[PDB]
S.K.: 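Starting off with a structure, shown below.
Residue numbers start from 1 in every chain, and the chains themselves are labelled A, B, ... in the order their sequence lines are given, proteins ahead of strands.
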Amino acid sequence: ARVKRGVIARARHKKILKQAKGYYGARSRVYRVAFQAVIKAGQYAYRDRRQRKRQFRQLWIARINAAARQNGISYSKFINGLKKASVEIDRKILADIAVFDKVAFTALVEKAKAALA
Amino acid sequence: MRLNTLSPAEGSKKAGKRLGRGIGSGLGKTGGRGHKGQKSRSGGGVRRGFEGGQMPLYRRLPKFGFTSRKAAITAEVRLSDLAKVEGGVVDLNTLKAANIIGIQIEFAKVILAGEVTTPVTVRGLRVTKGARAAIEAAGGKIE
Amino acid sequence: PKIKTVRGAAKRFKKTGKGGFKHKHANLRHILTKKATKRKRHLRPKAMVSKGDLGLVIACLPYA
Amino acid sequence: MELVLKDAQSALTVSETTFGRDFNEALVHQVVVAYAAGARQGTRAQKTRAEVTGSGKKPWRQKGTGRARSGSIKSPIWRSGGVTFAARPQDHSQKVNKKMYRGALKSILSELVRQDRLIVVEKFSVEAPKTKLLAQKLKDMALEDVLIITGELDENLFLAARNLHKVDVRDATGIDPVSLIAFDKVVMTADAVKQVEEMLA
RNA sequence: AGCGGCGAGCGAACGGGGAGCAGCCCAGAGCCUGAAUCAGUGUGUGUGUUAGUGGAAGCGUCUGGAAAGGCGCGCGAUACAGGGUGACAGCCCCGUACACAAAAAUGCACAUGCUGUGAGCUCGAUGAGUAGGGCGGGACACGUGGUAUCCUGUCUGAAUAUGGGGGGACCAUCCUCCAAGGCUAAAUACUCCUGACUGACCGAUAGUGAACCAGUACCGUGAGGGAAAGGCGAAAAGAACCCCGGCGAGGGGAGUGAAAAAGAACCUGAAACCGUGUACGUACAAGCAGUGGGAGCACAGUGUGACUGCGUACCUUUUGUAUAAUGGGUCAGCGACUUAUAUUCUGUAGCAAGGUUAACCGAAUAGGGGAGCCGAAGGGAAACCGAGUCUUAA
């Protein structure tokens, strides 16, 4: 029972070169380079599923901070004023309000500025 | 019950370690052998009783005794074998006819090892003190 | 092929009933005037092979 | 148990140990595999690095040239030299215990009366040694893939199934694991089931 | 069991189961006197081998380039082993099962006739520079060790059946045998070679080194080494003729064909690698080239990806590597925990105080074969004793 392995090594190699589309140069064509391109690209994909949840929370907080300061309060006092008022909206939606319905944000700032001070 | 329906018992066939076949098998890149030493080489591994070069235990200790050459020609007859001797007379040569002792045996002893039931006749053998008290307890005469 | 018994081990050990090995004690060959009679008295019975040594002995005695 | 005949309707007596045992699948799988492995003609071999035709000359020197170190043109890393663990002709037979072989056959014959694939006849014989008559033999019997097991040395019947592919004639002493399973009906003459009951005790 | 720097290791016999099983001559003279033998040679028979002969049965139909395929309906089969045929054939072919055949030359038996050896009976005879020994070696499982036995280079040297050898130093008994002459079938080992037949053997980097004009081309003074290289199609029907060209090479038609993207540099035609066309991006932007976010654009979700956050390959080896330590130009193919036997343990299965056979026989995976092996008893160095036993006067 000799086993030739040309068919399943072709398929195993083809599966990895298919995951390497768009890569530069020999990282799309050569298996040895494209294998560790794909293994590194899965490593980054694991890491940046963590960093995506930080980078967006970074982006919301920077926008609520700007939109609070147009209404005359900082991000810290707005978030403290919302918690003392028991408002439980998260920062994804607080930033969504801040660009799309600004008059629904100036009401939120007022409800924070009131119950803070 | 066709040829494509018969299965082994569960756990009757373990697979078999296939060494050096990748990361997922848990046996790749060393073959379960660890890193570079004598024992990870092909054919490497020291002989039996090697201790390093410390004097081995079978050479640290004294030889004792001798081989008897009479223990090779003696055997023990359990009382379980007094019913199979085909005639009720336990000679030396009738224990061999029933394949109890062995053809090169010159001395047999009958020891108390289980349930003599029948009228038996031990002739020309040795019996112990327990076996004599059991053969006569079933109605047997020892010569 | 059959496994060859280490024949020098087959003169040092004898297998007992529950499976272990009896052996003569060392230190009772020569140089005995200086040894105490109590110490020489305790080397005269046969001892059992220790726990850690037993794997080295059954390796040596496969037909014990 | 009881084994009803094909048409005389007078069921001969068998011992229930041989035809009414519980089925043991691990026992029958082992004896159907050892039959299958003992049919292997283990005749193959390849060449090791010793046996490949070549010289033991070291191809280049050990040092100096910037090529990987080699010492034989017949090493298995090299093309056209050396299978690493090359085959030899071997014996693929297995040992079966007699009480495992007889326990399997007693468990197959017990299962053949469960799935109604044992039919006992009292005589199965054919007048002329002609395949045409036996081809008729089982149409009325309604058989196409069958194993006939007889007790006598019928050579007229034996030739008449030598060309029919799905029909096998035996002599009640060479019935085996794989033959009692790979046929759809097993048909036994009444003199033959007397002998098969005997040898399986 | 023993041997053994009693280390590494070496490793029997006796006895038992089997295969196969024949014993005979000369050292010698008589009666009898070819008296079976065992050979060779020659007719004769039986049987192979070396050429061979006969073989048995299917047509319509649809797809298709072509039917052996499909659907329909028959027939042979002691033959449905295999192969070929335009795709997969029991019934087309070659065969196969079966039944047969030999001028001539040979293998084997037998029948033997004719030649060579040479019986049976009476008696005697009973293998000397040998056995043994001293010395030195070697062989025996046995390394000179307490060491038998065998062989003999050297030096010696018997007894002659009322005598001699051996029985593991040696001796006495008493068992057994008769060295110093020779022949001897089968069971056994092997395969350059021939015939069939088979394969959980290979399928062109494999399998022989060699599927092919291969021990060749080549290399070496030489001994020697030693390659690579299979496939058009069903059939050459292997491309008439016309064009461009140099009366080229190559190409474009035309044609053959099912197919020429089957055109001979010929099945399939992967990947590296190299082009052309198209979409998008790109000429103020720094780094493992991805990843997360993400516009714009082009298509019918896909493609691209400006800008942007994070981000120093892989392996190996290490206390520790982006490491400026190792390894790799890349692709494709091959490339490394096997096999035999023994042993122990776990799983599992069968049978259990029993369980199993080995060789071999065998209608061959059956059945027979229980020689054995392991277990049911152990203590003791051993004799021995024995559910106890050793220790010790206890």
S.K.: Which label fits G233(E), syn or anti, where anti is any glycosidic angle not within 90° of 0?
M.R.: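 It is anti.
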
S.K.: For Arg47(A), does the CZ atom have more than 12 heavy-atom neighbours from other residues, nucleotides or ligands under 6.0 Å away?
M.R.: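 Yes, enclosed.
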
S.K.: Has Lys92(A) got more than 12 heavy atoms of other residues, nucleotides or ligands less than 6.0 Å from its NZ?
M.R.: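 No - once you tally the heavy atoms of other residues, nucleotides and ligands closer than 6.0 Å, there are 12 at most.
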
S.K.: Within this structure, what is the CZ-to-P distance between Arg7(C) and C10(E), rounded to whole angstrom?
M.R.: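 One finds 13 Å between P of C10(E) and CZ of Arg7(C), rounded.
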
S.K.: Between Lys130(D) and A77(E), is there a side-chain N or O to OP1/OP2 distance below 4.0 Å?
M.R.: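 Yes.
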
S.K.: Parallel, tilted or perpendicular: which one describes the rings of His13(A) and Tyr31(A), with boundaries at 30° and 60°?
M.R.: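 The rings of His13(A) and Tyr31(A) lie parallel, inter-plane angle below 30°.
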
S.K.: Is the shortest side-chain heavy-atom distance between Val6(C) and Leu61(C) below 4.5 Å?
M.R.: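 No, every pair of side-chain atoms sits at 4.5 Å or beyond.
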
S.K.: Measure CZ/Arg2(A) against P/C201(E) and give the value in whole Å, please.
M.R.: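 Rounding to the nearest Å, CZ of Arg2(A) and P of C201(E) are 14 Å apart.
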
S.K.: Compute both the distance and the angle, then confirm whether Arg48(B) meets the cation-pi test with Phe50(B): under 6.0 Å from the six-membered ring centre, within 45 degrees of the axis.
M.R.: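 Not satisfied by the 6.0 Å and 45° rule.
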
S.K.: Within the structure, does a side-chain N or O atom of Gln104(B) lie under 4.0 Å from either OP1 or OP2 of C14(E)?
M.R.: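 For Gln104(B), the contact criterion (side-chain N or O under 4.0 Å from OP1 or OP2 of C14(E)) is not met.
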
S.K.: Does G28(E) have its sugar in the north or the south range once you look at the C1'-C2'-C3'-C4' torsion?
M.R.: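 South pucker for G28(E); the sign of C1'-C2'-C3'-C4' is negative.
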
S.K.: Reading nucleotides 376-387 of chain E 5' to 3', which nucleotides get B (base under 4.0 Å from a protein heavy atom), which S (sugar-phosphate only), which -?
M.R.: BBSSSSSSSBBS

S.K.: Inspect the surroundings of CZ in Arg88(D) and state if more than 12 heavy atoms from other residues, nucleotides or ligands are less than 6.0 Å away.
M.R.: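 Atom CZ in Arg88(D) is packed in, count exceeds 12.
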
S.K.: Using only side-chain N and O atoms of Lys98(D), determine if any of them is under 4.0 Å from OP1 or OP2 of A366(E).
M.R.: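 Negative; the distance criterion is not met.
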
S.K.: For a quick test of reading the model: is some side-chain N or O of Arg10(A) closer than 4.0 Å to OP1 or OP2 of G333(E)?
M.R.: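 It does, given that an N or O in the side chain of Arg10(A) lies less than 4.0 Å from OP1 or OP2 of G333(E).
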
S.K.: Is there a side-chain contact between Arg44(D) and the phosphate of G199(E), meaning an N or O under 4.0 Å from OP1 or OP2?
M.R.: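 No.
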
S.K.: Are any of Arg102(D)'s side-chain N or O atoms less than 4.0 Å away from OP1 or OP2 of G367(E)?
M.R.: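 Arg102(D) to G367(E) OP1/OP2: side-chain N or O found under 4.0 Å.
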
S.K.: Measure from the side-chain heavy atoms of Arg47(A) and tell me the nearest of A77(E), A366(E), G309(E).
M.R.: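 Nucleotide nearest to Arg47(A)'s side chain: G309(E).
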
S.K.: For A141(E), does the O4'-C1'-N9-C4 or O4'-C1'-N1-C2 angle fall within 90° of 0, making it syn, or is it anti?
M.R.: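 With its glycosidic angle more than 90° from zero, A141(E) counts as anti.
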
S.K.: Among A313(E), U317(E), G290(E), find the nucleotide with the atom closest to the side chain of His35(B).
M.R.: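 Nearest to the side chain of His35(B) among the choices is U317(E).
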
S.K.: Are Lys4(C) and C10(E) close enough that a side-chain N or O sits under 4.0 Å from OP1 or OP2?
M.R.: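 Answer is yes, contact under 4.0 Å.
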
S.K.: Taking only heavy atoms on the protein side, list every residue of residues 31-40 of chain D lying under 4.0 Å from any atom of RNA chain E, sorted numerically.
M.R.: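 Residues of residues 31-40 of chain D under 4.0 Å from RNA chain E: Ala34(D), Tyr35(D), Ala36(D), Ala37(D), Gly38(D), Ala39(D), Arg40(D).
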
S.K.: Would you kindly give the CG-to-P distance between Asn97(D) and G368(E), to the nearest whole Å?
M.R.: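 It is 14 Å, rounded to the nearest whole Å.
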
S.K.: Examine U96(E): is either OP1 or OP2 under 4.0 Å from a nitrogen or oxygen in the side chain of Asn163(D)? Give yes or no.
M.R.: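 For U96(E), neither OP1 nor OP2 has a side-chain N or O of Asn163(D) closer than 4.0 Å.
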
S.K.: Expressed as a whole number of angstroms, how long is the span from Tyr31(A):OH to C273(E):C1'?
M.R.: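 Going from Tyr31(A) (OH) to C273(E) (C1'), I get 20 Å.
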
S.K.: Could you check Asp168(D), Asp154(D), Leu157(D) and say which one makes a side chain to side chain contact (heavy atoms under 4.5 Å, CB included) with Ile148(D)?
M.R.: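 The side chain to side chain contact (heavy atoms under 4.5 Å, CB included) with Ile148(D) is passed solely by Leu157(D) among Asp168(D), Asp154(D), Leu157(D).
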
S.K.: Specify the separation, in whole Å, of atom CD of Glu115(B) and atom P of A353(E).
M.R.: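 From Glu115(B) CD to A353(E) P: 14 Å.
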
S.K.: How about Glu106(B): does its CD atom have over 12 heavy atoms from other parts shown lying under 6.0 Å from it?
M.R.: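 Count over threshold, so yes.
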
S.K.: Kindly point out which of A313(E), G335(E), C310(E) is positioned nearest to the side chain of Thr84(D)?
M.R.: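 Side chain of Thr84(D) sits closest to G335(E).
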
S.K.: If you count the non-hydrogen atoms of other residues, nucleotides and ligands that lie under 6.0 Å from CZ in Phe158(D), is the total more than 12?
M.R.: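 No.
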
S.K.: Has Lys57(D) got more than 12 heavy atoms of other residues, nucleotides or ligands less than 6.0 Å from its NZ?
M.R.: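 Counting neighbours around NZ of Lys57(D), 12 or fewer heavy atoms of other residues, nucleotides or ligands fall under 6.0 Å, so no.
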
S.K.: Does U49(E) pair with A105(E) as Watson-Crick or G-U wobble, both distances under 3.5 angstrom?
M.R.: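 Yes, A105(E) pairs with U49(E), since both Watson-Crick or G-U wobble distances fall under 3.5 Å.
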
S.K.: Count the heavy atoms of every other residue, nucleotide or ligand shown that sit under 6.0 Å from CD of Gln90(D), and state whether that count exceeds 12.
M.R.: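 Enclosed.
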
S.K.: Just by protein heavy atoms under 4.0 Å, how would nucleotides 299-305 of chain E read 5' to 3' in B, S and -?
M.R.: -------

S.K.: Taking OP1 and OP2 of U208(E), is either one under 4.0 Å from a side-chain nitrogen or oxygen of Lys47(D)?
M.R.: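 Answer is yes, contact under 4.0 Å.
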
S.K.: Just N and O in the side chain of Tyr58(B): are any of them under 4.0 Å from OP1 or OP2 of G7(E)?
M.R.: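 For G7(E), neither OP1 nor OP2 has a side-chain N or O of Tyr58(B) closer than 4.0 Å.
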
S.K.: Indicate whether OP1 or OP2 belonging to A270(E) is found under 4.0 Å from a side-chain N or O atom of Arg29(A).
M.R.: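 No, outside the criterion.
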
S.K.: When the distance from OH of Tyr24(A) to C1' of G287(E) is rounded to whole Å, what number comes out?
M.R.: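 The distance from OH of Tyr24(A) to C1' of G287(E) comes to 14 Å, rounded to the nearest Å.
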
S.K.: Tell me whether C110(E) sits syn or anti, counting syn as a glycosidic angle within 90° of 0.
M.R.: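 Anti, since the glycosidic angle lies more than 90° from 0.
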
S.K.: When you measure from the side chain of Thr131(D), which nucleotide among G350(E), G76(E), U78(E) comes out closest?
M.R.: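 Looking only at heavy atoms from C-beta outward on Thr131(D), the closest nucleotide is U78(E).
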
S.K.: Rounded off to whole Å, could you give me the CE-to-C1' distance for the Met100(D) and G350(E) pair?
M.R.: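 So the CE-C1' distance, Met100(D) to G350(E), works out to 4 Å.
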
S.K.: Where the side chain of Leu27(D) is defined as all heavy atoms beyond and including C-beta, which of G293(E), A77(E), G350(E) is the nearest nucleotide?
M.R.: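 Among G293(E), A77(E), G350(E), the one nearest the side chain of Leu27(D) is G350(E).
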
S.K.: Assess whether atom CD of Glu144(D) is packed by more than 12 heavy atoms of other residues, nucleotides or ligands within 6.0 Å.
M.R.: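 No, because the 6.0 Å sphere around CD of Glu144(D) holds 12 heavy atoms or fewer from other groups.
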
S.K.: Could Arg60(B) and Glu51(B) be called an ion pair, given the rule that one side-chain N must be under 4.0 Å from one carboxylate O?
M.R.: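 The answer is yes: the pair qualifies as a salt bridge.
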
S.K.: Rounded to the nearest Å, what distance is computed from the CZ atom of residue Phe158(D) to the P atom of nucleotide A79(E)?
M.R.: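 Atom CZ in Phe158(D) sits about 10 Å away from atom P in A79(E).
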
S.K.: For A81(E), does either OP1 or OP2 sit under 4.0 Å from a side-chain N or O belonging to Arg162(D)?
M.R.: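 The answer is no; no side-chain N or O of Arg162(D) sits under 4.0 Å from OP1 or OP2.
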
S.K.: Nearest of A77(E), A313(E), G335(E) to any side-chain atom of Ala135(D)?
M.R.: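 Nucleotide nearest to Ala135(D)'s side chain: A77(E).
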
S.K.: Whether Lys29(B) contacts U317(E) is assessed here as follows: a side-chain N or O lying under 4.0 Å from the phosphate OP1 or OP2. Is that the case?
M.R.: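 So the side-chain polar atoms of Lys29(B) do come within 4.0 Å of the phosphate oxygens OP1 or OP2 of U317(E), strictly under.
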
S.K.: Measuring from the side chain of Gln51(A) (C-beta onward, heavy atoms only), which nucleotide among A336(E), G309(E), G292(E) has the closest atom?
M.R.: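 For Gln51(A), the side-chain atoms sit closest to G309(E).
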
S.K.: What pucker do you get for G86(E) when you go by the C1'-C2'-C3'-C4' torsion?
M.R.: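 The sugar ring of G86(E) falls in the south range (negative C1'-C2'-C3'-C4' torsion).
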
S.K.: Where the side chain of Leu159(D) is concerned, which of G372(E), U78(E), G293(E) is the nearest nucleotide?
M.R.: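 Among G372(E), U78(E), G293(E), the one nearest the side chain of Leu159(D) is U78(E).
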
S.K.: Tell me whether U43(E) is paired to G153(E) (Watson-Crick: purine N1 to pyrimidine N3 plus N6-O4 or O6-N4; or G-U wobble; cut-off 3.5 Å).
M.R.: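 No, neither Watson-Crick nor G-U wobble.
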
S.K.: Can you check whether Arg32(A) has a side-chain N or O nearer than 4.0 Å to OP1 or OP2 of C331(E)?
M.R.: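 Affirmative; the distance criterion is met.
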
